[PDB]
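**Student:** Pasting a structure here, questions to come.
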Amino acid sequence: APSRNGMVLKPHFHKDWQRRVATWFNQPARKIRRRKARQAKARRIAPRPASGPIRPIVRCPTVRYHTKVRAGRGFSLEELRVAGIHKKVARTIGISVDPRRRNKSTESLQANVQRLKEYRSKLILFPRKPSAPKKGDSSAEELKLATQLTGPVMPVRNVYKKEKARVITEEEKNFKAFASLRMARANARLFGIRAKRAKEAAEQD
Amino acid sequence: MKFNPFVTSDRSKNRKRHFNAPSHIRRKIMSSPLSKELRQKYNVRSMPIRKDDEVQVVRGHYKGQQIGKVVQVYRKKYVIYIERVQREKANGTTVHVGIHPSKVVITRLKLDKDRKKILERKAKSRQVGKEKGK
Amino acid sequence: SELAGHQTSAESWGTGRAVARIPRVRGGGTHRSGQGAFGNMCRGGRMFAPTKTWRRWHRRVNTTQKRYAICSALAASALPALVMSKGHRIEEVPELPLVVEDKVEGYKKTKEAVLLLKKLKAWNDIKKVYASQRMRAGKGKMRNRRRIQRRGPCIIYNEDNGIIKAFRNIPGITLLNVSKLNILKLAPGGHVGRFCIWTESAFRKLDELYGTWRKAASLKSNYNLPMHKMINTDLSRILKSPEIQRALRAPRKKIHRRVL
RNA sequence: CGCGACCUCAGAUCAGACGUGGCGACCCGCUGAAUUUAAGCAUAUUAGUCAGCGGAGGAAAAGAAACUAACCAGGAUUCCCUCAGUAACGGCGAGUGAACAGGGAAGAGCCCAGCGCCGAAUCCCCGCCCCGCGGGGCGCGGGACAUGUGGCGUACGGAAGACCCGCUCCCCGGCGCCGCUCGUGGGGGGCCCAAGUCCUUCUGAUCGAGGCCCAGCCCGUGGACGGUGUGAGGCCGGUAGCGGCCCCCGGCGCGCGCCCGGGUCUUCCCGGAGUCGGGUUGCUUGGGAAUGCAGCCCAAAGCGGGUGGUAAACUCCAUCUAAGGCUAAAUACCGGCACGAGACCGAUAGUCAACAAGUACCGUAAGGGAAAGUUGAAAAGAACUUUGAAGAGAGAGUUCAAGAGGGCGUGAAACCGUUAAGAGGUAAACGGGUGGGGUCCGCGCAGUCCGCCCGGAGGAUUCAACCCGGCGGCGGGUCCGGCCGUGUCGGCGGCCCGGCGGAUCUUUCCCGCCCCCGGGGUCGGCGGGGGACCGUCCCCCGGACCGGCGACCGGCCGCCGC
RNA sequence: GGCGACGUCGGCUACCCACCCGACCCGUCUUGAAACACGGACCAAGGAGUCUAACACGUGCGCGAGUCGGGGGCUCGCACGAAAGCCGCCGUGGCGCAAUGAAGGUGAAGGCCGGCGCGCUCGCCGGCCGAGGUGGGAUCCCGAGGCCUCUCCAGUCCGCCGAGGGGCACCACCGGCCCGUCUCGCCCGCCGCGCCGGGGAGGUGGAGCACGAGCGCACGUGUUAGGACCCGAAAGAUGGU
RNA sequence: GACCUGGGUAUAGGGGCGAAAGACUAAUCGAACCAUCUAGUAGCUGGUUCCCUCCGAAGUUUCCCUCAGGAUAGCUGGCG
RNA sequence: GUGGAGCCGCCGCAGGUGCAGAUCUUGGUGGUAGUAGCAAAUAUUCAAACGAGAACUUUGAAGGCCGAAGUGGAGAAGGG
Ligand SMILES: [Mg+2]
Ligand SMILES: [Mg+2]
Ligand SMILES: [Mg+2]
Ligand SMILES: [Mg+2]
Ligand SMILES: [Mg+2]
């Protein structure tokens, strides 16, 4: 059943497979169906934008992916706390809330606190009957457009430092090398043992 | 060119709505034109035919200039019978023959109260399109 | 057929009885009682390879070839030979890139937009199209395609102000927006050189939409109009040049037949 | 003992309600084989599928972490692309085989028990009337439940009370109604462009040809269908943010009904058990020193518990808060009620069925289950005369055709009948070479060469030869007017009123940051926003060579037509 | 050069007949068919290498150290449009550009000249360069010489050209480099002096480098998983009458 | 006479029933019938549909629960 | 020649694309062939009738068999 040189093959068709198959003869029909549910939804509601709330800025989980920025889930309260808005007020204003999200940095915390007040800067509200509790005049002179698109404040913005040019100094060109890693790794798998060999000198008495 | 999606274009289906058509829709598809003068007095194009209208026969074996009323309108077999056009059988008995009313000209109508509401509504709705061009 | 011929309980008769070993249906009574059941051989049988709906219907062509093949389909609409050798009759018409002004798009009643086609003498082609109103040869006449129709010119435009109305009743004609072109409608049958009528607002955009060789295009991101493998393409002007006929051996024109 | 309160209970054709059954395409729970592959075959595979059993819905299931991670941390579920035919499992053989990252579709969140405060502030039924539709309510009185605990506030993201301080009186459904509806909502019925005008063919036109200079006519209508044959115009109708007519949808404003949130400080409260886990046994998974599931035994604790993918002990840390509950979209649909389309099949095909098809018929029964379309435009479906008792004829008649005569269009081959031509002891038939006969074909018939040139003869024209008059081309011409190729610069000319880039350059520039004792030091960079500069394509003058399919002009030679 | 019609001229086909010669009935497995091997009475229609998944190579095309939108999105509420076009601050991803080890991990540059530390077989500094070298090697270059009507006064050209040069791809070979290891010897470093790091010289194992050729699409062939070229069992299991 | 028989009634598929023969259990019995998994599997038979052109074999070696089979090497064409 | 409404060249594309065989499937027809056969239970004959038509239908006469555990008279089951 095999012949002259070729791949060895395990094709997974020993199981019954012709009674579960899924031809996508409706994937054009499902694309222009779920465009009607974006046409006749984003006009049906409001001058509120399409594509949902403001999402915060979020840095990725894998070592592979920690260098990059992603539209996360919700500002996890603290960003509602340093910026100072009420949590059940926030999700009717148009601000997403994700309570099980934590903050264990101060660098990333203020990165959304300015973002939230920046959203609150570019927000205009409609008071019901124009007595205006804590909203200004005529509707920002007008609503200027009907709907906004693909995210409020461009949630990617994968910005990068310029770091233009420098003069190599004395300390920078002599030290920071490969041997600073082989001894760095040697204080990762020869550190706990050297805690134990100093216990040998405290029991030598 | 047809742009309305919810109506057919296939030969094998408009025949099924034609040969198996209900019998009051069937009087609509058996409709005859009005004559060249009589479409200008009553300013309307064509009409569903009925039992006491005298008209000449235009395309067939029996062509032209024999104005004489119809006698019986077989809706089922898409055929009217006109009092002049007949055929001697092999018996010597004379029977009518059938001619489809889209090959037939009304040269005088019968009017009643129900036809005036047709000859008004079908005539009002042509000067609707003439006043589209304001 | 979803499941044809297998909707039948049958088996081989097995033993002797002087019959072939095809499966026979069971029972008694009716006619279809001992006949040959499923198998491509038999009447009322499942066909060989009952076709599946998951044939690879749709094909891929990568985008740069779809853009190479449509640069190559517009340039053949400029040469006075290729657009006549396809079948379009541009015999009495002026300049092959027919460009009319933007006032065509304000046509809203087709009495107007026909004597556009007459005054440009482009009506010598639609007079041919009425002749090609035949009926289909074969068994297509019951699959609701019945009338063959020779394709005519295509008016290519942008910013419709009614021209999609007063041209969509003329037979054989096609109207395609100069933003969103189509290789299938610029070359009917894969035979290059369909005749086209342009418009000022359409004809000017192609320098900024397919670009040139000097720059790139601005309405497509990563495209430049492709390279031309022959700079000087007429070899009859090349093979009769003094660089070559200085270098050649000589011609050699005796016949030297078979000597007895 | 008799009466009574309860507790566990019965009985009823008590009053009023409820559940079973059908379908099962998709969904949920459970039970679940073998053929097959391994070239044998026990593990494995086929497969957690087929069958069986039960549950529902227009979707169901799933769901707001007892998570994934181990770095700069993500953040309910579901689905698709990738992860990946990879880790891992396996007579480590055959073969099976996830998930996290990451990009998208959609993105909605919440409730309770418990610990506590409020004098059950809770609910059902019954009767009356408020007053309103086709009915549901707050009132008014009477029977229950319930203290073995109803209702408000409350949920782990913290909460509650007392303070203190600074803002604010809302929201909620309905109501007869008036104005919009988004394709302008949905459903229903009746309407809306233009030729039969002339000739002509046919049995019949829908065919052929014609319609002066406006192209016979209408085109937002040339899709399709029937109509005696091929029809934009003869008719249904196609087109149109076309009209009018009827019925129903979500969203005005009087009379309803509920109706104080916010930040700090102080104190107080803070959680689901035969459950978690362990031992063993079966199934299962890629889960491998047991991933899930279930049985039986042992059975928890509170700085406790679950998890951290190699058994275990110690030691830190990371994350999470279980044994209680609801929830829209994204998703699945070979059953149905409707639809639309097809590089489909076209009566031995396509479903089993184009037709009185799950019908005739068979079997005791489960169950098996067909063959079968066409006269013609119109039945005009043969009146009538004649032989026969009739079946059937022969005449006559209809129609374009009975060479279409009631399973009747086209009518093939095998096979049969007769006529005709030929032939006959090795069965016939075949291959090769002729001969003889015939049917017919052309040839067409001692009647076949045909076109150029030239010399004769009659016969009748008219350009040529020459030239001006002529509109048009070809060929080289000074590129003189307009041309474009690649460049140097300049005018940066529009850069600060070009276009686009560049991980070029810009702490003296523009606010909001961190650092530093009501303000400063750029005090270094941030988020943001300029403008200086490089590279490349746009107007101008100068410079390059051919003025090339980039062409008009005049000038010339040499054509050509009238 | 010569000869002839109203029945005569030329000609065959799937026409018939006669004759001479050669001639056993096809399909099929098989060393061996006409076989006393088997299927075939005769016609009509139906009837058997398919479709997907995957890999290989061949070839065609587009782009090329890259490539590819397949999954989403945008573009009136449009027949053909279930198309086509566009995105790129949708390149996430896939395959490729880097290999090797069980793994922790590590991870592919030389050539010359000057000179120096005891040029110790061992070693080091400055510069130019830069994929090393031997042999073949199509092509290209130089080319002595040869080439024309009288002997000198010369030119682009052409024509063979002995030798000699720069030598593409590829082949044989020697040398180097990366990684795993093995043997042998000293040297250097210090986010902090150790059962730490880095190293050199020879020998070997590798699906490697030594100036990249891949990806996508399409087609053909081959091999497999699929009812898998059509038709064929004795059986097996589940649920029923 | 352990006799013959109508009707009623009981037992069902690895089950029933048997004065035993592997009989009988709806013309079927050393495991019934029907539908499904199912188009189950076969190294074994039968078949395999147009013409011309060009090239044109092998039944041998090694290994296999291998001997009617495959692998491999050989012979062969196609592309260069 | 029959027949009465469709069809084909060329350039591309796409297949359910070609039959002499499968004890092939389905429909059709032959040689056999006017042949095997219409032979279990004894057996029919004459005239008249209605009839276009008489061995077989009816009527009569005669000769027969079944022969009371019937080739007789009535039923249950089954058939409709
Ligand atoms: Mg045909
Ligand atoms: Mg329901
Ligand atoms: Mg048929
Ligand atoms: Mg691909
Ligand atoms: Mg069994």
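Each chain in the structure tokens gets a letter, A, B, ..., in the order shown, and its residues are numbered from 1; ligands are numbered from 1 in order too.
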When the cut-off is 9 Å and we count only C-alpha atoms, which residues of chain C are near chain B, given as an MDAnalysis selection string?
**Tutor:** chainID C and resid 141:145 168:169
**Student:** Those same residues - N, CA, C and O atoms - I'd like them written as a PDB file, in the first residue's frame.
**Tutor:**
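What follows is the written file result-v6.pdb:
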ATOM      1  N   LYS C 141     -33.725  25.279 -22.887  1.00  0.00           N
ATOM      2  CA  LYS C 141     -34.990  25.983 -23.042  1.00  0.00           C
ATOM      3  C   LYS C 141     -36.021  25.609 -21.992  1.00  0.00           C
ATOM      4  O   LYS C 141     -37.097  26.210 -21.970  1.00  0.00           O
ATOM      5  N   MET C 142     -35.736  24.620 -21.156  1.00  0.00           N
ATOM      6  CA  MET C 142     -36.549  24.290 -20.006  1.00  0.00           C
ATOM      7  C   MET C 142     -35.845  24.586 -18.692  1.00  0.00           C
ATOM      8  O   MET C 142     -36.453  24.418 -17.633  1.00  0.00           O
ATOM      9  N   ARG C 143     -34.591  25.030 -18.726  1.00  0.00           N
ATOM     10  CA  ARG C 143     -33.917  25.529 -17.535  1.00  0.00           C
ATOM     11  C   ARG C 143     -33.991  27.045 -17.433  1.00  0.00           C
ATOM     12  O   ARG C 143     -33.058  27.659 -16.932  1.00  0.00           O
ATOM     13  N   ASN C 144     -35.077  27.636 -17.925  1.00  0.00           N
ATOM     14  CA  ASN C 144     -35.384  29.062 -18.086  1.00  0.00           C
ATOM     15  C   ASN C 144     -34.245  29.961 -18.586  1.00  0.00           C
ATOM     16  O   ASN C 144     -34.149  31.125 -18.189  1.00  0.00           O
ATOM     17  N   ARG C 145     -33.417  29.455 -19.498  1.00  0.00           N
ATOM     18  CA  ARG C 145     -32.596  30.294 -20.370  1.00  0.00           C
ATOM     19  C   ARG C 145     -32.942  29.916 -21.801  1.00  0.00           C
ATOM     20  O   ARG C 145     -32.737  28.777 -22.226  1.00  0.00           O
ATOM     21  N   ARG C 168     -30.534  50.683 -19.036  1.00  0.00           N
ATOM     22  CA  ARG C 168     -30.732  49.286 -18.682  1.00  0.00           C
ATOM     23  C   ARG C 168     -31.832  48.613 -19.479  1.00  0.00           C
ATOM     24  O   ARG C 168     -32.108  47.437 -19.233  1.00  0.00           O
ATOM     25  N   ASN C 169     -32.460  49.306 -20.426  1.00  0.00           N
ATOM     26  CA  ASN C 169     -33.459  48.662 -21.258  1.00  0.00           C
ATOM     27  C   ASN C 169     -32.929  48.274 -22.621  1.00  0.00           C
ATOM     28  O   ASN C 169     -33.538  47.433 -23.283  1.00  0.00           O
TER      29      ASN C 169
END
**Student:** Using only C-alpha atoms (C1' of nucleotides), select each residue of chain F with any atom at most 12 Å away from an atom of chain C, and give the selection as a list in words.
**Tutor:**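 Per the criterion, chain F yields residues 34, 35, 36, 38, 39, 45, 46 and 47 of chain F.
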**Student:** Would you write out those residues with N, CA and C atoms (P, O5', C5', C4', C3', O3' and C1' of nucleotides), as a PDB file, in the first residue's frame?
**Tutor:**
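Final file, selection26.pdb:
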ATOM      1  P     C F  34     -37.156 -12.640   5.165  1.00  0.00           P
ATOM      2  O5'   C F  34     -37.562 -11.274   5.845  1.00  0.00           O
ATOM      3  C5'   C F  34     -38.864 -10.763   5.675  1.00  0.00           C
ATOM      4  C4'   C F  34     -39.065  -9.528   6.499  1.00  0.00           C
ATOM      5  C3'   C F  34     -37.975  -8.488   6.400  1.00  0.00           C
ATOM      6  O3'   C F  34     -38.071  -7.678   5.252  1.00  0.00           O
ATOM      7  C1'   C F  34     -38.578  -8.808   8.654  1.00  0.00           C
ATOM      8  P     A F  35     -36.727  -7.120   4.583  1.00  0.00           P
ATOM      9  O5'   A F  35     -36.395  -5.812   5.414  1.00  0.00           O
ATOM     10  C5'   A F  35     -37.280  -4.707   5.419  1.00  0.00           C
ATOM     11  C4'   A F  35     -36.956  -3.775   6.549  1.00  0.00           C
ATOM     12  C3'   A F  35     -35.529  -3.269   6.609  1.00  0.00           C
ATOM     13  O3'   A F  35     -35.257  -2.193   5.737  1.00  0.00           O
ATOM     14  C1'   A F  35     -36.142  -4.045   8.717  1.00  0.00           C
ATOM     15  P     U F  36     -33.766  -1.946   5.199  1.00  0.00           P
ATOM     16  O5'   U F  36     -32.937  -1.468   6.463  1.00  0.00           O
ATOM     17  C5'   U F  36     -33.027  -0.133   6.925  1.00  0.00           C
ATOM     18  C4'   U F  36     -32.383   0.008   8.276  1.00  0.00           C
ATOM     19  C3'   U F  36     -30.868  -0.004   8.284  1.00  0.00           C
ATOM     20  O3'   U F  36     -30.301   1.247   7.974  1.00  0.00           O
ATOM     21  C1'   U F  36     -31.680  -1.482   9.927  1.00  0.00           C
ATOM     22  P     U F  38     -22.871   1.525   8.272  1.00  0.00           P
ATOM     23  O5'   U F  38     -23.492   0.666   7.090  1.00  0.00           O
ATOM     24  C5'   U F  38     -24.104   1.285   5.969  1.00  0.00           C
ATOM     25  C4'   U F  38     -24.307   0.299   4.854  1.00  0.00           C
ATOM     26  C3'   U F  38     -25.760  -0.036   4.529  1.00  0.00           C
ATOM     27  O3'   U F  38     -25.835  -0.382   3.156  1.00  0.00           O
ATOM     28  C1'   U F  38     -24.641  -1.992   5.107  1.00  0.00           C
ATOM     29  P     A F  39     -26.733   0.451   2.130  1.00  0.00           P
ATOM     30  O5'   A F  39     -26.190  -0.047   0.724  1.00  0.00           O
ATOM     31  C5'   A F  39     -26.125  -1.442   0.442  1.00  0.00           C
ATOM     32  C4'   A F  39     -24.805  -1.861  -0.165  1.00  0.00           C
ATOM     33  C3'   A F  39     -23.632  -1.946   0.796  1.00  0.00           C
ATOM     34  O3'   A F  39     -22.741  -2.969   0.350  1.00  0.00           O
ATOM     35  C1'   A F  39     -23.147  -0.371  -0.876  1.00  0.00           C
ATOM     36  P     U F  45      -8.539 -15.971  -9.079  1.00  0.00           P
ATOM     37  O5'   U F  45     -10.027 -16.286  -9.522  1.00  0.00           O
ATOM     38  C5'   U F  45     -10.604 -15.649 -10.642  1.00  0.00           C
ATOM     39  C4'   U F  45     -12.039 -16.058 -10.821  1.00  0.00           C
ATOM     40  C3'   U F  45     -12.744 -15.437 -12.005  1.00  0.00           C
ATOM     41  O3'   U F  45     -12.432 -16.044 -13.237  1.00  0.00           O
ATOM     42  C1'   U F  45     -14.112 -15.230 -10.117  1.00  0.00           C
ATOM     43  P     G F  46     -12.157 -15.110 -14.504  1.00  0.00           P
ATOM     44  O5'   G F  46     -13.537 -14.359 -14.729  1.00  0.00           O
ATOM     45  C5'   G F  46     -14.630 -15.045 -15.309  1.00  0.00           C
ATOM     46  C4'   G F  46     -15.801 -14.136 -15.573  1.00  0.00           C
ATOM     47  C3'   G F  46     -15.509 -12.828 -16.276  1.00  0.00           C
ATOM     48  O3'   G F  46     -15.276 -12.936 -17.663  1.00  0.00           O
ATOM     49  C1'   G F  46     -16.888 -12.393 -14.457  1.00  0.00           C
ATOM     50  P     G F  47     -14.259 -11.913 -18.356  1.00  0.00           P
ATOM     51  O5'   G F  47     -15.012 -10.512 -18.330  1.00  0.00           O
ATOM     52  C5'   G F  47     -16.159 -10.279 -19.132  1.00  0.00           C
ATOM     53  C4'   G F  47     -16.867  -9.010 -18.738  1.00  0.00           C
ATOM     54  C3'   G F  47     -16.206  -7.715 -19.167  1.00  0.00           C
ATOM     55  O3'   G F  47     -16.524  -7.362 -20.502  1.00  0.00           O
ATOM     56  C1'   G F  47     -16.801  -7.583 -16.887  1.00  0.00           C
TER      57        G F  47
END
**Student:** Hey, could you make a per-residue contact list for chain B against chain D with 7 Å as the cut-off, showing the nearest pair of atoms and its distance in Å to one decimal, counting only C-alpha atoms (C1' of nucleotides), sorted by chain and number, as a tab-separated table?
**Tutor:**
residue	atom	partner	partner_atom	distance
B:1	CA	D:223	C1'	4.8
B:2	CA	D:223	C1'	4.7
B:6	CA	D:340	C1'	6.9
B:9	CA	D:224	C1'	4.9
B:10	CA	D:224	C1'	6.5
B:11	CA	D:225	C1'	6.8
B:14	CA	D:225	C1'	5.7
B:15	CA	D:225	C1'	6.6
B:28	CA	D:236	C1'	6.8
B:29	CA	D:236	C1'	4.8
B:30	CA	D:235	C1'	6.9
B:31	CA	D:235	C1'	5.6
B:32	CA	D:235	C1'	6.3
B:33	CA	D:234	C1'	6.7
B:60	CA	D:204	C1'	6.7
B:89	CA	D:380	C1'	6.3
B:90	CA	D:383	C1'	5.1
B:91	CA	D:383	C1'	3.7
B:92	CA	D:383	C1'	6.8
B:97	CA	D:378	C1'	6.7
B:100	CA	D:227	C1'	7.0
B:102	CA	D:234	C1'	5.1
B:103	CA	D:234	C1'	6.2
B:121	CA	D:191	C1'	6.5
B:122	CA	D:191	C1'	5.5
B:125	CA	D:192	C1'	5.2
B:126	CA	D:192	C1'	5.5
B:128	CA	D:243	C1'	6.7
B:129	CA	D:192	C1'	7.0
**Student:** Show me which residues sit within 12 Å of ligand 4 when counting only C-alpha atoms (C1' of nucleotides) and all ligand atoms, and put them as a count of residues only.
**Tutor:** 14
**Student:** So which residues are near ligand 1, meaning at most 8 Å away with only C-alpha atoms (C1' of nucleotides) and all ligand atoms counted, given back as a list in words?
**Tutor:**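 Using only C-alpha atoms (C1' of nucleotides) and all ligand atoms, everything at most 8 Å from ligand 1 comes to residues 138 and 139 of chain C; 7 of chain G.
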**Student:** Could you list the protein, DNA and RNA residues that have any atom within 10 Å of ligand 5, counting only C-alpha atoms (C1' of nucleotides) and all ligand atoms, and write them as a PDB file with C-alpha atoms (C1' of nucleotides), in the first residue's frame?
**Tutor:**
ATOM      1  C1'   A E 235     -21.373 -14.900   8.197  1.00  0.00           C
ATOM      2  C1'   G E 236     -21.882 -10.582  12.721  1.00  0.00           C
ATOM      3  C1'   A E 237     -25.081  -7.100  15.620  1.00  0.00           C
TER       4        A E 237
ATOM      5  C1'   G F  13     -35.274 -17.141  18.407  1.00  0.00           C
ATOM      6  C1'   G F  14     -29.201 -19.092  21.301  1.00  0.00           C
ATOM      7  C1'   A F  31     -30.418 -21.700  14.911  1.00  0.00           C
TER       8        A F  31
END
**Student:** Name the residues in contact with stretch 52-63 of chain G at a cut-off of 12 Å, using only C-alpha atoms (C1' of nucleotides), excluding same-chain residues fewer than 6 positions from it; report them as a VMD selection string.
**Tutor:** (chain D and resid 388 to 390) or (chain G and resid 43 to 46)
**Student:** Distance limit 12 Å, reference ligand 3, atoms considered: only C-alpha atoms (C1' of nucleotides) and all ligand atoms. Which residues make the cut? Give them as a list in words.
**Tutor:** residues 43 of chain C; 346, 347, 348, 349, 354, 371, 372, 373 and 374 of chain D; 45 of chain E; 26 and 27 of chain G
**Student:** Just need the residues of chain C within 10 Å of chain A, counting only C-alpha atoms, so spit them out as a PyMOL selection string.
**Tutor:** chain C and resi 52-55
**Student:** Next, the residues of the selection above should be written as a PDB file, in the first residue's frame with C-alpha atoms.
**Tutor:**
ATOM      1  CA  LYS C  52     -21.786  14.919  -3.779  1.00  0.00           C
ATOM      2  CA  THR C  53     -22.636  18.513  -3.121  1.00  0.00           C
ATOM      3  CA  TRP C  54     -19.112  19.137  -1.764  1.00  0.00           C
ATOM      4  CA  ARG C  55     -17.386  19.200  -5.118  1.00  0.00           C
TER       5      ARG C  55
END
**Student:** Write out as a VMD selection string each polymer residue (protein, DNA or RNA) that has an atom no more than 9 Å from ligand 2, with only C-alpha atoms (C1' of nucleotides) and all ligand atoms counted.
**Tutor:** chain D and resid 56 to 58
**Student:** Enumerate, as a list in words, the complete set of residues in stretch 16-102 of chain B that a backbone-based DSSP assignment places in strand (DSSP E or B).
**Tutor:**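 Here are the strand (DSSP E or B) residues of stretch 16-102 of chain B: residues 31, 32, 33, 34, 46, 47, 48, 54, 57, 69, 70, 71, 72, 73, 74, 79, 80, 81, 82, 86, 87, 88, 94, 95, 96 and 99 of chain B.
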**Student:** Write the residues of the preceding selection, restricted to C-alpha atoms, as a PDB file, in the first residue's frame.
**Tutor:**
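The new file result_27.pdb reads:
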ATOM      1  CA  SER B  31     -59.303  39.738 -21.523  1.00  0.00           C
ATOM      2  CA  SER B  32     -59.844  41.308 -24.898  1.00  0.00           C
ATOM      3  CA  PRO B  33     -58.710  44.637 -26.367  1.00  0.00           C
ATOM      4  CA  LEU B  34     -61.061  47.472 -27.150  1.00  0.00           C
ATOM      5  CA  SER B  46     -58.551  46.712 -22.781  1.00  0.00           C
ATOM      6  CA  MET B  47     -61.161  44.827 -20.793  1.00  0.00           C
ATOM      7  CA  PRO B  48     -62.085  41.454 -19.365  1.00  0.00           C
ATOM      8  CA  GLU B  54     -70.455  42.108 -29.923  1.00  0.00           C
ATOM      9  CA  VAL B  57     -62.724  38.479 -35.039  1.00  0.00           C
ATOM     10  CA  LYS B  69     -72.243  39.021 -29.871  1.00  0.00           C
ATOM     11  CA  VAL B  70     -70.616  36.266 -27.890  1.00  0.00           C
ATOM     12  CA  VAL B  71     -72.863  33.510 -26.589  1.00  0.00           C
ATOM     13  CA  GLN B  72     -70.913  31.569 -23.933  1.00  0.00           C
ATOM     14  CA  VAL B  73     -67.563  32.085 -22.248  1.00  0.00           C
ATOM     15  CA  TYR B  74     -65.826  28.844 -21.352  1.00  0.00           C
ATOM     16  CA  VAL B  79     -62.456  29.883 -25.188  1.00  0.00           C
ATOM     17  CA  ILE B  80     -65.408  32.087 -25.959  1.00  0.00           C
ATOM     18  CA  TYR B  81     -68.109  31.254 -28.478  1.00  0.00           C
ATOM     19  CA  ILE B  82     -69.361  33.910 -30.891  1.00  0.00           C
ATOM     20  CA  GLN B  86     -69.785  28.116 -36.344  1.00  0.00           C
ATOM     21  CA  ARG B  87     -68.937  24.834 -37.954  1.00  0.00           C
ATOM     22  CA  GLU B  88     -71.050  22.222 -39.702  1.00  0.00           C
ATOM     23  CA  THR B  94     -73.868  23.178 -36.631  1.00  0.00           C
ATOM     24  CA  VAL B  95     -71.793  23.905 -33.533  1.00  0.00           C
ATOM     25  CA  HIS B  96     -69.660  26.859 -32.548  1.00  0.00           C
ATOM     26  CA  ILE B  99     -61.345  31.510 -30.445  1.00  0.00           C
TER      27      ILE B  99
END
**Student:** Find the distance between atom CA of residue A:8 and atom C1' of residue E:56 and write it in Å to one decimal.
**Tutor:**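 Going from atom CA of residue A:8 over to atom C1' of residue E:56, I get 10.8 Å.
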**Student:** Excluding same-chain residues fewer than 6 positions from residue C:105, what lies within 12 Å of it counting only C-alpha atoms (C1' of nucleotides), as a PyMOL selection string?
**Tutor:** chain C and resi 112-113+116+155-167+175+177+198-202
**Student:** So that I have them on file, write out the residues from the current selection with C-alpha atoms, as a JSON list (two decimals), in the first residue's frame.
**Tutor:**
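As a result, selection_3.json now contains:
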[["chain", "number", "residue", "atom", "x", "y", "z"],
["C", 112, "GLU", "CA", -32.48, 60.74, -25.05],
["C", 113, "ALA", "CA", -29.88, 58.05, -24.47],
["C", 116, "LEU", "CA", -26.67, 59.51, -27.96],
["C", 155, "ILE", "CA", -20.73, 52.07, -20.77],
["C", 156, "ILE", "CA", -18.35, 52.60, -17.88],
["C", 157, "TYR", "CA", -18.99, 55.52, -15.58],
["C", 158, "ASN", "CA", -19.09, 56.76, -12.01],
["C", 159, "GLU", "CA", -21.47, 58.93, -9.94],
["C", 160, "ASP", "CA", -24.78, 57.69, -11.31],
["C", 161, "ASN", "CA", -27.28, 60.49, -11.73],
["C", 162, "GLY", "CA", -29.78, 58.33, -13.60],
["C", 163, "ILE", "CA", -27.77, 56.65, -16.38],
["C", 164, "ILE", "CA", -28.36, 53.21, -14.84],
["C", 165, "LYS", "CA", -32.03, 53.75, -15.77],
["C", 166, "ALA", "CA", -31.93, 55.08, -19.33],
["C", 167, "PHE", "CA", -29.49, 52.40, -20.46],
["C", 175, "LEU", "CA", -23.08, 49.29, -17.26],
["C", 177, "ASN", "CA", -18.85, 51.37, -12.41],
["C", 198, "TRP", "CA", -16.31, 55.94, -21.29],
["C", 199, "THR", "CA", -17.13, 59.16, -19.44],
["C", 200, "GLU", "CA", -14.82, 62.03, -18.38],
["C", 201, "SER", "CA", -15.34, 61.32, -14.70],
["C", 202, "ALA", "CA", -14.60, 57.65, -15.38]]
**Student:** What separation in Å, quoted to one decimal, exists between atom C1' of residue D:195 and atom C1' of residue D:233?
**Tutor:**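 Between these atoms lies a distance of 6.5 Å.
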